[PDB]
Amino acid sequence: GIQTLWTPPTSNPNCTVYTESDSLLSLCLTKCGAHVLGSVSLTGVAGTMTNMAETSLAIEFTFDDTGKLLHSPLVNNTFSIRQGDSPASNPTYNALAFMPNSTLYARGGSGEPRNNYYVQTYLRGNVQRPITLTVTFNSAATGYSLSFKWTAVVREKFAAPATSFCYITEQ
C-alpha cells in the first residue's frame, strides 16, 4: 500500500529557505518499479522569498544509509508516508526503495552529469522568465540525498511552478 513519500498538500507555508515558514514547498515521491516519480514546486510567501537577494536558491533533503530522513527545509521535517495508505498504526516501509541508486548516482557525485536532472520552467509562470531547476541525486558524501537548485531573479518574488523528475532507486 505504501507507494508514496511526501509532504502533505497544504495552503499554508511549510518550508524555511531563509526565515521560518517563508515558503510553501510541495515534494512528492511515488514508486513505480525501479523508478521514483517525483514532483516538486516551491512558492515564496514571506521575506526574502518575495524580494530575492540572490540569483539562485537551493534546498536539500538528506537521508542516512537506511533511508531515514536526517535534514530537510520543512518546518518540523514533515516528510513521510501518505496517511491512509496503510490501515496499520506506525506503518513500516523500505525507505531504500525510495532512495536514489548509489551505483548509478555515486555519493559525492554532484559533479557527474548522470547524477543531475535538468528541468526548464518559468519564474512565477512568466514566460519571459525562463529558469532552470537542477535536481541532483546523492550529492551528499554519505547516506542519500535529493538536492534542488532553481535559478531566480533578484529583486522579485520567487515561485517555481509544478515540475517533475524521475530517478532509479536503490532497492
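One rule holds for the numbers: they count along the sequence shown, beginning at 1.
Judged by mean Cα B factor in the deposited record, 7-15 ranks above the other of 7-15 and 21-29. Two stretches are in play, 132-140 and 49-57, and the higher mean C-alpha B-factor belongs to 49-57.
For the set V119, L42, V127, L37, the maximum C-alpha B-factor listed in the entry falls on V127.
The PDB entry assigns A152 a C-alpha temperature factor belonging to the middle third of its chain's modelled residues.
In this PDB entry, the Cα temperature factor of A88 sits in the top third of its chain's modelled residues, the highest group.
When the modelled residues of the chain are ordered by C-alpha B-factor, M99 sits in the lowest third.
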